[PDB]
Amino acid sequence: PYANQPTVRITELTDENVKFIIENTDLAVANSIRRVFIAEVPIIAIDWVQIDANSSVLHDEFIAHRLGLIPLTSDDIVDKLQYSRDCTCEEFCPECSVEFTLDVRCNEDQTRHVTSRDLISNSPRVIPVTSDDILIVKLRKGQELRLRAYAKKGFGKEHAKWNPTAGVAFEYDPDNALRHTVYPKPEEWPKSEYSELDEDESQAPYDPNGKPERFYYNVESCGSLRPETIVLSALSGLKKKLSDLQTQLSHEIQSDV
Amino acid sequence: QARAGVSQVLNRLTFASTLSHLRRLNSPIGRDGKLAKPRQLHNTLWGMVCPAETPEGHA
Amino acid sequence: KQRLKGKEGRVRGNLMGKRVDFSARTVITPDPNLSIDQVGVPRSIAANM
Amino acid sequence: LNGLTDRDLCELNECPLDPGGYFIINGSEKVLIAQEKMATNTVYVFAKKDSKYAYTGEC
Amino acid sequence: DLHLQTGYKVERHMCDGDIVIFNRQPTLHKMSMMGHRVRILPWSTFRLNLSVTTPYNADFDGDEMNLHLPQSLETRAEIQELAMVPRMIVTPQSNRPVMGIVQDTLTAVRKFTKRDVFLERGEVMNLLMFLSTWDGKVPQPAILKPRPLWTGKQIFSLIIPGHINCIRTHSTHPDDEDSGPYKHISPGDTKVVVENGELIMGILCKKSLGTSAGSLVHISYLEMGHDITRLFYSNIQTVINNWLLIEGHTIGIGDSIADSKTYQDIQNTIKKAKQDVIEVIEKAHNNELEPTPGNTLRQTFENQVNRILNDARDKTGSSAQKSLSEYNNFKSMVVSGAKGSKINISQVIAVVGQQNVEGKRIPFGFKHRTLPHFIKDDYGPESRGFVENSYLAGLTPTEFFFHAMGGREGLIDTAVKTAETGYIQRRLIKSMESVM
Amino acid sequence: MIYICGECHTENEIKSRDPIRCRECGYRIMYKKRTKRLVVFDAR
Amino acid sequence: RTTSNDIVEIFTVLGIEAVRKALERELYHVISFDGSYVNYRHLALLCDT
Amino acid sequence: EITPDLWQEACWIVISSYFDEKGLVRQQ
Amino acid sequence: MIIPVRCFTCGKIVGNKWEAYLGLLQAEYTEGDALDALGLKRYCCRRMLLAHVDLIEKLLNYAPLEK
Amino acid sequence: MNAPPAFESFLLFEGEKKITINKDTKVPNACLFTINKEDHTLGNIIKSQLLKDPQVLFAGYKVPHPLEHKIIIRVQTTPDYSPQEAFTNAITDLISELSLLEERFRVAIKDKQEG
Amino acid sequence: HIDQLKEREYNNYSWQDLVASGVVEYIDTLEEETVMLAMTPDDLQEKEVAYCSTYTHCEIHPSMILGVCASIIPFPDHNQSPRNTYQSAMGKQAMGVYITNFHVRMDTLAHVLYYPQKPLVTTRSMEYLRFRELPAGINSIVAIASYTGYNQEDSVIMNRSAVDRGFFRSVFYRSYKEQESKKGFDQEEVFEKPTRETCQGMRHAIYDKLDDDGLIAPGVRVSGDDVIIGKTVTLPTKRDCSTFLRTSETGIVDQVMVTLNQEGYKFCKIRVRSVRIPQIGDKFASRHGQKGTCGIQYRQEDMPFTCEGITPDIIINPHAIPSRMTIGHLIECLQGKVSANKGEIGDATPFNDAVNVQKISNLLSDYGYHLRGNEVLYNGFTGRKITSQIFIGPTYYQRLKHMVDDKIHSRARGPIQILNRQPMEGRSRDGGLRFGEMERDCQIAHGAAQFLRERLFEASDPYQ
RNA sequence: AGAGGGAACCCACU
Ligand SMILES: [Mg+2]
Ligand SMILES: [Mg+2]
Ligand SMILES: [Mg+2]
């Protein structure tokens, strides 16, 4: 009646992705982890745009949308930052926002590419992933674009700009031994990267008492967070949600009893 | 007594709409007269009129 | 006579059938989570009626 | 706009890809739709159902 | 002015549980206006269950419907006691149910009710949570050892309300099973028997859960009432739609493709048919054609060639339908009765067939030829509109043009018949409106 | 207020209820300027 | 057993009850040719009216 | 001087020349 | 009109890839080889660059209303 | 015009209780837990942890409507054991599992980086 | 001739030189009855069993029998002809960049899409229709599956996380024109900011957003029943004839233009923009007659995913395919998968015979996918494998002009007609729905006498 | 402090 003791092994660790395997755990726990990867990891993104001048061929909310989709470096101060609904600063504060400033005017003859490098922030910890450059708008001669931007803290449930990851590859049982899917012609299917069988045989023999384990992961980061710390933030967030649920359940038990 | 719908406002919803409106034909048979023979796709329309492009409804 | 004779005259278009109050119209979408005698109504329409 | 280059059309704020072929009447773009009609100066022979004439030829 | 006393009337906003009239034009029959209960949801569209889209004749491709809100207790009680949706399950027009199980739910019901479907414990609990009328007791599994496994028939027997007794047959039921042995021990599980509210055997389909007389829904209505039948509908849809998440359904290229042996058989049949038509043409030109009783030379020639072409199309369709595997999604859709048909399968896989205009083969619109690409006085199958290619192989441009000519007739008929039918309906109603 | 001329692209001070004519433009069409009040945009 | 499908001649030859029965038969034929079924009461009511 | 094997290239080059010269509203 | 910042499917950043893609096409790479050189392996990310039509170049041809 | 704001999928406004417990009168030793502003992420993991307790007879979750944000979890236990105790044990159990996984993942990161 | 047309530029050899050389001839319908025509120069003119050996003319390409709207259909000979007709109808309603000059044109109604894409699977006729210059639609990863029952009948399940990234977002433009005029000798209309004490009829709407000349400045947010142009006519002290927005508009003023009309009077046009994020009920269509509304939107964590983490943007129901017989949809999906993996643009000219389903499958099998395009998908909610294998691939869809926000309507009480004192007609006039004769007949068959009385007497006009 | 019209024609939706 108690938990499993899951073990984790890491095969690939770069600046863009982590390939790791989790063994001895449940399919529901694995799916909860992989869906907390997408929609429950907080990062920092632009959520408040005020445009003073816009003479470009793209309208104001088009520019605001393209600015909000720009990823920002949120590696260490995302936990120190507070949600705007949970901090005492009315409108925006440095504890509840990060201010950006854009000021580009095209005086020169050939067209100027307004990129993410032109965004200037007050805090040195937040960079729009420029240690190429995300193109925002192209300016003809005589055109101008000045604006202010504020960045909040949120996760992927609210909006997809707070999604910290690219596509998350999740896979269990590469050789169909549990028969969760039924191939009408098993000889016609390509074999997975984690397939442990020979090229002659298409599927493993059916396992009657087996249950899914040894879950394969490949979490690709978009640049906002390191893919090593995406997993740690996800685990901490899921643990925090469970602890909050436990506290509310216990309080309800003492209230109704 | 005059014919109607000879001149129409140009449809500018998309480029395909504009081109198809600029290359449109019309038959002056009334829509209230209800006969299958003028509305049928004749054999002589090979390569002259698109066999697929036609409105749905009374026209 | 033209005010009474045909369709959308006074008799057929204003007495046998007529435009009514307390009505609404919008596009329908499926919902398998509703019972067969239940209809989903948007909040703006339910506020207007 | 006849015979103008793409740069001239852009300087006159006109789309180079616009095909033309329409009229501007009171600011609204109007298009003339071709009307089908029976060909003239040719002899056709028909036959009606309940008419008193068994065979009729018209021109 | 906010003081309220007895006798005042407050025009409050519409809330949950309000009774409304839901209508879709045209209003052909009395089930096109039925009463519903209001549930308030986000976004700006009307929501409705997939069962009631059949009496409304509606599909979600841009249809709009009208909402009528009764304003008095008199008319609210009248709509509640007369025009509610469960009270219009069975029509008086043809004494059969008017609403049935459709689409994804039907296609997944037949797979759920197939014999080889076994459910384990967590899936059983997940499905049992979507039963509103469940009594909270988990039934004994059909298999207890080595591992506890349930069957889909057990869960659907839990769905079945009361003690309904019903006997139906599956669409793939052989005609020789009842005559010979194994009458009550079915090899293909194609005989539906419901005894004492439990599904003993059989595979459910259109013929048991559809809008036909003597169906399970019809007997459920006539034995239990509209409330219990409404709960039956909702439970079927919720449980089966939640199991469809585990099961899955699709359609693809591999369903529409066949094997090379069947392809060569189809090609041989087409070649033999074309050779036969050439032989009949030779007999007609050599004055060796004896007219059939009661026809001229043109009539007997057209009858003979049309018989040859129709037999060819039927034989190719039978070969294509025999070629299908048990996992074929087209066959699943057709056998369930949700959508599609065997002629649709035949036209997809083997042969589209002869194209007809005004019930007749393609006329010579040019001077004694159908197209300029054909030679004069050619009565062969290619010249007169027989398409020897399936939709997968692609219709050849002459076949495309002839198919467009064929479909234009159906579009024209659909455009034409509506005004005449509407005038007939109006005249009939105005004649017999006051007969009581 | 000030309007932008058609092809001159030049600001010109125009009085109300007066004919619309451009300063050193022969052109009869002029456009209004961008508002000075601030508008807030939400990137969602 | 000899009968026609012309309503007026059946009427003027045989009588009102016979043409009522013939009209019922012709309506049933033109409805059930499509394989559809309608209840007898509606056809009987139309023919009686 | 015949094109038996490559015909698609020649056909669509001819069609491209036709649509380069005439256009799509040439009748109007 | 302009290249989107992120892939619609998975959210991978493709806004910075457009100029390098045009540079590789000018340097006479195959389109597939350029897509593999840019690091796009999923066909969603591949079709984001493969099916893009850059209309902002046509839109910048007209003279601006402002100075 | 009828689009709900995106924060209502996970934020409790004033008046809603996070968890409400109602007993089930049809069968003994059964309770229904209604959890607001949560979804399959917690529902599936709580159900799977509850199915590992041998004294739990029934365990499942459902979402009544995808447009709304609530979960109904029905737990039936054997007599002498209560569904509230089963739920508390499951949550504590999952927290312990996640803590073990977090510390082992940290060890694996430290091993892979410069090692 | 082929080489001279290959070097078309810097040689001035063209179609006129081709016609004048005597190799291409114009044939009308009457002369077409006396010629023998061939599909193909060699495939119908070789040596075989003799069908005809007196050919006089040859087709250039058989796919030129299609029109403008039917030339954008990929594989149109694999579809049913009613579906080809429906796509030819709906291609004129597909939304996109309708012209490159849209920033100057003050059209009454306009729709422009944010991110149009050229199709991955295209027809060779598109180059001459300029479809790759002004596209209308986005390639989308489409999985044909029965997921949660919200895509049943013709409905569509969309990806919310894709939509939040700009998928099928668009701008709706509307232009309002107002013309001041001296209609009477003592009747003058002037553009001015109305003032409450000097204007006879002032509505409850606010007039603060206007300037002193009575015209609202560009860049100002506007909403329902707001004032955009302030026009007042003197009363023989002044009657206000200011124009208002359409109800539930909620837009932003984009451009304000002032000019003089033909009569020499002041003329003003204002363009208002509004963004349209796709919602439940918005209508979407393929290039094969498969139209339908958006049933529901799921986030990326809830949509099904493959082994690589790809989630479909759009899920359509498999029930649409078998009755409608649009196999060209599936072939377009398969070719789009092959084209996206290879890096080329697929060719879907109608009568090719150089492309087959088997050839496309053999090309797909080299890239590591199943040859028929199926993939193993996982459940978004539970993580379990789906037992069936889902057919998934990129497919070009379009957004149509019919959105639910332009069609939603409700009325409790409001304006009435002058003559018969019944409610008005139309959405814009806050009108009421019609309870027609067929509805009255249906209520008669119901037997709801007091409901029929309320609808026809009490809900509509009562009188004494 | 309830403004505020109508006819015709065309296109489009189910
Ligand atoms: Mg229907
Ligand atoms: Mg329908
Ligand atoms: Mg419909």
# chains A, B, ... in the order shown; residues from 1 in each chain; ligands from 1

call {"tool": "closest_atom_pairs", "arguments": {"of": "chain I", "to": "chain A", "cutoff": "12 Å", "atoms": "only C-alpha atoms", "output": "tab-separated table"}}
result
residue	atom	partner	partner_atom	distance
I:1	CA	A:58	CA	8.9
I:2	CA	A:137	CA	7.8
I:3	CA	A:135	CA	8.1
I:4	CA	A:66	CA	7.7
I:5	CA	A:69	CA	6.5
I:6	CA	A:69	CA	7.2
I:7	CA	A:166	CA	9.1
I:8	CA	A:160	CA	10.1
I:9	CA	A:167	CA	8.1
I:10	CA	A:167	CA	4.8
I:11	CA	A:166	CA	5.3
I:12	CA	A:166	CA	5.2
I:13	CA	A:222	CA	6.7
I:14	CA	A:134	CA	8.0
I:15	CA	A:134	CA	5.0
I:16	CA	A:134	CA	4.5
I:17	CA	A:132	CA	7.5
I:18	CA	A:135	CA	8.8
I:19	CA	A:135	CA	9.1
I:20	CA	A:132	CA	8.9
I:21	CA	A:132	CA	11.9
I:38	CA	A:132	CA	10.9
I:39	CA	A:16	CA	11.4
I:40	CA	A:166	CA	12.0
I:41	CA	A:167	CA	11.4
I:42	CA	A:167	CA	9.3
I:44	CA	A:167	CA	10.5
I:45	CA	A:167	CA	10.5
I:54	CA	A:138	CA	11.3
I:55	CA	A:57	CA	10.6
I:56	CA	A:138	CA	7.5
I:57	CA	A:138	CA	8.5
I:58	CA	A:57	CA	10.4
I:59	CA	A:57	CA	6.8
I:60	CA	A:140	CA	6.1
I:61	CA	A:140	CA	8.4
I:62	CA	A:140	CA	9.2
I:63	CA	A:140	CA	8.3
I:64	CA	A:142	CA	7.1
I:65	CA	A:55	CA	8.1
I:66	CA	A:142	CA	6.9
I:67	CA	A:142	CA	5.1

call {"tool": "residues_near_ligand", "arguments": {"ligand": "ligand 1", "cutoff": "6 Å", "atoms": "only C-alpha atoms (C1' of nucleotides) and all ligand atoms", "output": "list in words"}}
result
residues 53, 54, 57, 58 and 59 of chain E

call {"tool": "write_last_selection", "arguments": {"atoms": "N, CA and C atoms", "output": "short mmCIF file (atom, residue, chain, number, x, y, z; two decimals), in the first residue's frame"}}
result
data_model
loop_
_atom_site.label_atom_id
_atom_site.label_comp_id
_atom_site.auth_asym_id
_atom_site.auth_seq_id
_atom_site.Cartn_x
_atom_site.Cartn_y
_atom_site.Cartn_z
N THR E 53 -29.70 15.18 -32.82
CA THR E 53 -29.43 15.82 -34.10
C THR E 53 -30.13 15.13 -35.25
N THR E 54 -30.68 13.93 -35.03
CA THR E 54 -31.40 13.21 -36.07
C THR E 54 -32.83 13.72 -36.27
N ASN E 57 -32.64 17.01 -37.99
CA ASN E 57 -31.96 16.93 -39.29
C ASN E 57 -30.82 17.93 -39.38
N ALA E 58 -29.97 17.95 -38.35
CA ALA E 58 -28.92 18.94 -38.24
C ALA E 58 -27.55 18.27 -38.23
N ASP E 59 -26.56 19.03 -38.70
CA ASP E 59 -25.16 18.65 -38.59
C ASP E 59 -24.37 19.91 -38.29
#

call {"tool": "residues_near_ligand", "arguments": {"ligand": "ligand 2", "cutoff": "12 Å", "atoms": "only C-alpha atoms (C1' of nucleotides) and all ligand atoms", "output": "PDB file with N, CA, C and O atoms (P, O5', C5', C4', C3', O3' and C1' of nucleotides), in the first residue's frame"}}
result
ATOM      1  N   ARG E  24     -35.370  24.271 -35.525  1.00  0.00           N
ATOM      2  CA  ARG E  24     -34.520  24.406 -36.700  1.00  0.00           C
ATOM      3  C   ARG E  24     -35.378  24.440 -37.954  1.00  0.00           C
ATOM      4  O   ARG E  24     -36.200  23.545 -38.170  1.00  0.00           O
ATOM      5  N   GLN E  25     -35.178  25.458 -38.779  1.00  0.00           N
ATOM      6  CA  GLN E  25     -35.890  25.546 -40.041  1.00  0.00           C
ATOM      7  C   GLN E  25     -35.202  24.690 -41.104  1.00  0.00           C
ATOM      8  O   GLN E  25     -33.972  24.630 -41.156  1.00  0.00           O
ATOM      9  N   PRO E  26     -35.973  24.019 -41.976  1.00  0.00           N
ATOM     10  CA  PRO E  26     -37.437  23.970 -42.053  1.00  0.00           C
ATOM     11  C   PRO E  26     -38.068  23.035 -41.025  1.00  0.00           C
ATOM     12  O   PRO E  26     -37.440  22.069 -40.600  1.00  0.00           O
ATOM     13  N   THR E  53     -29.697  15.184 -32.816  1.00  0.00           N
ATOM     14  CA  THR E  53     -29.427  15.822 -34.096  1.00  0.00           C
ATOM     15  C   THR E  53     -30.133  15.126 -35.251  1.00  0.00           C
ATOM     16  O   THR E  53     -30.182  15.679 -36.352  1.00  0.00           O
ATOM     17  N   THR E  54     -30.676  13.932 -35.029  1.00  0.00           N
ATOM     18  CA  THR E  54     -31.397  13.206 -36.069  1.00  0.00           C
ATOM     19  C   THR E  54     -32.828  13.720 -36.269  1.00  0.00           C
ATOM     20  O   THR E  54     -33.212  13.934 -37.425  1.00  0.00           O
ATOM     21  N   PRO E  55     -33.659  13.933 -35.229  1.00  0.00           N
ATOM     22  CA  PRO E  55     -34.973  14.535 -35.508  1.00  0.00           C
ATOM     23  C   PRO E  55     -34.889  15.970 -35.986  1.00  0.00           C
ATOM     24  O   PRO E  55     -35.761  16.407 -36.744  1.00  0.00           O
ATOM     25  N   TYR E  56     -33.866  16.714 -35.576  1.00  0.00           N
ATOM     26  CA  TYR E  56     -33.698  18.076 -36.056  1.00  0.00           C
ATOM     27  C   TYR E  56     -33.138  18.134 -37.467  1.00  0.00           C
ATOM     28  O   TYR E  56     -33.183  19.206 -38.079  1.00  0.00           O
ATOM     29  N   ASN E  57     -32.635  17.006 -37.986  1.00  0.00           N
ATOM     30  CA  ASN E  57     -31.962  16.927 -39.286  1.00  0.00           C
ATOM     31  C   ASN E  57     -30.816  17.929 -39.375  1.00  0.00           C
ATOM     32  O   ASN E  57     -30.692  18.680 -40.344  1.00  0.00           O
ATOM     33  N   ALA E  58     -29.972  17.949 -38.352  1.00  0.00           N
ATOM     34  CA  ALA E  58     -28.916  18.937 -38.242  1.00  0.00           C
ATOM     35  C   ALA E  58     -27.548  18.272 -38.229  1.00  0.00           C
ATOM     36  O   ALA E  58     -27.388  17.124 -37.811  1.00  0.00           O
ATOM     37  N   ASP E  59     -26.561  19.026 -38.700  1.00  0.00           N
ATOM     38  CA  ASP E  59     -25.163  18.651 -38.591  1.00  0.00           C
ATOM     39  C   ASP E  59     -24.374  19.914 -38.294  1.00  0.00           C
ATOM     40  O   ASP E  59     -24.816  21.026 -38.582  1.00  0.00           O
ATOM     41  N   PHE E  60     -23.200  19.738 -37.706  1.00  0.00           N
ATOM     42  CA  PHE E  60     -22.446  20.872 -37.187  1.00  0.00           C
ATOM     43  C   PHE E  60     -21.439  21.350 -38.232  1.00  0.00           C
ATOM     44  O   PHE E  60     -20.225  21.326 -38.040  1.00  0.00           O
ATOM     45  N   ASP E  61     -21.985  21.799 -39.360  1.00  0.00           N
ATOM     46  CA  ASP E  61     -21.191  22.387 -40.430  1.00  0.00           C
ATOM     47  C   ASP E  61     -21.599  23.832 -40.674  1.00  0.00           C
ATOM     48  O   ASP E  61     -21.463  24.344 -41.786  1.00  0.00           O
ATOM     49  N   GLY E  62     -22.099  24.500 -39.641  1.00  0.00           N
ATOM     50  CA  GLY E  62     -22.592  25.853 -39.763  1.00  0.00           C
ATOM     51  C   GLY E  62     -24.084  26.019 -39.583  1.00  0.00           C
ATOM     52  O   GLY E  62     -24.603  27.102 -39.873  1.00  0.00           O
ATOM     53  N   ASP E  63     -24.790  24.988 -39.126  1.00  0.00           N
ATOM     54  CA  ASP E  63     -26.220  25.104 -38.887  1.00  0.00           C
ATOM     55  C   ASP E  63     -26.501  26.060 -37.738  1.00  0.00           C
ATOM     56  O   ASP E  63     -25.696  26.222 -36.819  1.00  0.00           O
ATOM     57  N   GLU E  64     -27.660  26.702 -37.804  1.00  0.00           N
ATOM     58  CA  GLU E  64     -28.134  27.589 -36.757  1.00  0.00           C
ATOM     59  C   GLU E  64     -29.530  27.159 -36.338  1.00  0.00           C
ATOM     60  O   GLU E  64     -30.323  26.692 -37.159  1.00  0.00           O
TER      61      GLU E  64
ATOM     62  N   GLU K 153     -20.055  14.350 -36.280  1.00  0.00           N
ATOM     63  CA  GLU K 153     -20.636  14.913 -37.504  1.00  0.00           C
ATOM     64  C   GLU K 153     -19.520  15.651 -38.230  1.00  0.00           C
ATOM     65  O   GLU K 153     -18.506  15.014 -38.567  1.00  0.00           O
ATOM     66  N   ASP K 154     -19.638  16.947 -38.494  1.00  0.00           N
ATOM     67  CA  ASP K 154     -18.635  17.663 -39.264  1.00  0.00           C
ATOM     68  C   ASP K 154     -17.689  18.481 -38.396  1.00  0.00           C
ATOM     69  O   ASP K 154     -16.873  19.231 -38.934  1.00  0.00           O
ATOM     70  N   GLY K 292     -16.558  22.341 -41.592  1.00  0.00           N
ATOM     71  CA  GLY K 292     -17.115  22.105 -40.280  1.00  0.00           C
ATOM     72  C   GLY K 292     -16.646  23.152 -39.296  1.00  0.00           C
ATOM     73  O   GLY K 292     -15.665  23.865 -39.530  1.00  0.00           O
TER      74      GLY K 292
ATOM     75  P     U L  14     -23.282  26.111 -46.134  1.00  0.00           P
ATOM     76  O5'   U L  14     -24.545  25.455 -45.428  1.00  0.00           O
ATOM     77  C5'   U L  14     -24.579  25.299 -44.020  1.00  0.00           C
ATOM     78  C4'   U L  14     -25.971  24.999 -43.528  1.00  0.00           C
ATOM     79  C3'   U L  14     -26.729  23.913 -44.270  1.00  0.00           C
ATOM     80  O3'   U L  14     -26.344  22.608 -43.876  1.00  0.00           O
ATOM     81  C1'   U L  14     -28.150  25.770 -43.871  1.00  0.00           C
TER      82        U L  14
END

call {"tool": "select_by_dssp", "arguments": {"residues": "chain J", "states": "strand (DSSP E or B)", "output": "short mmCIF file (atom, residue, chain, number, x, y, z; two decimals) with N, CA and C atoms, in the first residue's frame"}}
result
data_model
loop_
_atom_site.label_atom_id
_atom_site.label_comp_id
_atom_site.auth_asym_id
_atom_site.auth_seq_id
_atom_site.Cartn_x
_atom_site.Cartn_y
_atom_site.Cartn_z
N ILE J 19 -11.89 21.58 -1.65
CA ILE J 19 -12.36 20.20 -1.59
C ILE J 19 -13.64 20.17 -0.77
N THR J 20 -14.65 19.48 -1.28
CA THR J 20 -15.87 19.19 -0.54
C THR J 20 -16.10 17.69 -0.55
N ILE J 21 -16.43 17.14 0.61
CA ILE J 21 -16.61 15.70 0.79
C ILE J 21 -18.08 15.42 1.04
N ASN J 22 -18.65 14.51 0.26
CA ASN J 22 -20.02 14.06 0.44
C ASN J 22 -20.04 12.55 0.52
N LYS J 23 -20.74 12.02 1.52
CA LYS J 23 -20.88 10.57 1.64
C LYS J 23 -21.82 10.04 0.57
N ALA J 30 -18.34 4.66 1.46
CA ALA J 30 -18.00 5.32 0.21
C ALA J 30 -18.19 6.82 0.36
N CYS J 31 -17.26 7.58 -0.20
CA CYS J 31 -17.31 9.04 -0.17
C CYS J 31 -16.93 9.59 -1.53
N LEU J 32 -17.44 10.78 -1.83
CA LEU J 32 -17.12 11.48 -3.07
C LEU J 32 -16.37 12.76 -2.73
N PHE J 33 -15.19 12.92 -3.31
CA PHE J 33 -14.38 14.12 -3.12
C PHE J 33 -14.50 14.98 -4.37
N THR J 34 -14.93 16.22 -4.20
CA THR J 34 -15.07 17.16 -5.30
C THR J 34 -13.95 18.19 -5.18
N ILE J 35 -13.04 18.19 -6.15
CA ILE J 35 -11.87 19.06 -6.13
C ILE J 35 -12.05 20.11 -7.21
N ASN J 36 -11.95 21.37 -6.83
CA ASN J 36 -12.18 22.48 -7.74
C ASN J 36 -10.87 22.96 -8.36
N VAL J 56 -8.70 -0.59 -0.45
CA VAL J 56 -9.56 0.26 -1.27
C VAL J 56 -10.29 -0.64 -2.26
N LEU J 57 -11.62 -0.62 -2.18
CA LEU J 57 -12.42 -1.47 -3.06
C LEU J 57 -12.72 -0.79 -4.39
N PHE J 58 -12.96 0.51 -4.37
CA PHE J 58 -13.26 1.25 -5.59
C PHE J 58 -12.47 2.55 -5.59
N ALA J 59 -11.96 2.92 -6.76
CA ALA J 59 -11.21 4.17 -6.91
C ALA J 59 -11.26 4.60 -8.36
N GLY J 60 -11.65 5.85 -8.59
CA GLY J 60 -11.71 6.41 -9.92
C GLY J 60 -11.87 7.91 -9.84
N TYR J 61 -11.72 8.55 -11.00
CA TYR J 61 -11.98 9.98 -11.11
C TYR J 61 -12.72 10.23 -12.42
N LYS J 62 -13.35 11.40 -12.50
CA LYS J 62 -13.99 11.84 -13.74
C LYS J 62 -14.03 13.35 -13.77
N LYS J 70 -13.51 20.92 -12.59
CA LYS J 70 -13.68 20.23 -11.32
C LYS J 70 -13.52 18.74 -11.54
N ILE J 71 -13.26 18.02 -10.45
CA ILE J 71 -13.05 16.58 -10.47
C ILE J 71 -13.96 15.96 -9.42
N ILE J 72 -14.57 14.83 -9.74
CA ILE J 72 -15.26 14.00 -8.76
C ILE J 72 -14.44 12.72 -8.59
N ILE J 73 -14.02 12.45 -7.37
CA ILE J 73 -13.29 11.23 -7.04
C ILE J 73 -14.11 10.44 -6.04
N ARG J 74 -14.47 9.21 -6.40
CA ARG J 74 -15.27 8.34 -5.56
C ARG J 74 -14.39 7.21 -5.04
N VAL J 75 -14.30 7.09 -3.72
CA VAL J 75 -13.46 6.09 -3.08
C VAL J 75 -14.34 5.23 -2.18
N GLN J 76 -14.25 3.91 -2.34
CA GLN J 76 -14.92 2.96 -1.47
C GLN J 76 -13.88 2.05 -0.84
N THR J 77 -13.91 1.94 0.48
CA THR J 77 -12.95 1.15 1.22
C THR J 77 -13.65 0.04 1.98
#

call {"tool": "residues_around", "arguments": {"residues": "residue 15 in chain C", "least_positions_apart": "3", "cutoff": "10 Å", "atoms": "only C-alpha atoms (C1' of nucleotides)", "output": "list in words"}}
result
residues 8, 9, 10, 11, 12, 18 and 19 of chain C; 436, 437, 456 and 457 of chain K

call {"tool": "interface_residues", "arguments": {"of": "chain B", "to": "chain E", "cutoff": "6 Å", "atoms": "only C-alpha atoms", "output": "list in words"}}
result
residues 41, 43 and 57 of chain B

call {"tool": "write_last_selection", "arguments": {"atoms": "N, CA and C atoms", "output": "PDB file, in the first residue's frame"}}
result
ATOM      1  N   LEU B  41     -24.920  19.888 -67.289  1.00  0.00           N
ATOM      2  CA  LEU B  41     -23.570  20.065 -67.810  1.00  0.00           C
ATOM      3  C   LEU B  41     -23.490  19.397 -69.177  1.00  0.00           C
ATOM      4  N   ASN B  43     -22.014  18.339 -73.018  1.00  0.00           N
ATOM      5  CA  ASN B  43     -20.759  17.777 -73.504  1.00  0.00           C
ATOM      6  C   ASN B  43     -19.870  18.833 -74.140  1.00  0.00           C
ATOM      7  N   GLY B  57     -27.789  26.049 -54.984  1.00  0.00           N
ATOM      8  CA  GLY B  57     -29.021  26.763 -54.724  1.00  0.00           C
ATOM      9  C   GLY B  57     -29.856  26.938 -55.970  1.00  0.00           C
TER      10      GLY B  57
END

call {"tool": "select_by_dssp", "arguments": {"residues": "range 30-141 of chain K", "states": "helix (DSSP H, G or I)", "output": "MDAnalysis selection string"}}
result
chainID K and resid 30:32 62:65 69:72 76:78 81:90 126:129

call {"tool": "residues_around", "arguments": {"residues": "residue 226 in chain E", "least_positions_apart": "5", "cutoff": "7 Å", "atoms": "only C-alpha atoms (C1' of nucleotides)", "output": "PyMOL selection string"}}
result
chain E and resi 86-87+221

call {"tool": "write_last_selection", "arguments": {"atoms": "N, CA and C atoms", "output": "short mmCIF file (atom, residue, chain, number, x, y, z; two decimals), in the first residue's frame"}}
result
data_model
loop_
_atom_site.label_atom_id
_atom_site.label_comp_id
_atom_site.auth_asym_id
_atom_site.auth_seq_id
_atom_site.Cartn_x
_atom_site.Cartn_y
_atom_site.Cartn_z
N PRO E 86 -37.49 13.81 -24.09
CA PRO E 86 -37.80 12.39 -23.83
C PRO E 86 -39.22 11.99 -24.19
N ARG E 87 -40.18 12.91 -24.17
CA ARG E 87 -41.54 12.57 -24.54
C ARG E 87 -41.73 12.40 -26.05
N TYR E 221 -38.16 2.19 -24.16
CA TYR E 221 -39.17 3.23 -24.03
C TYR E 221 -40.51 2.64 -23.63
#
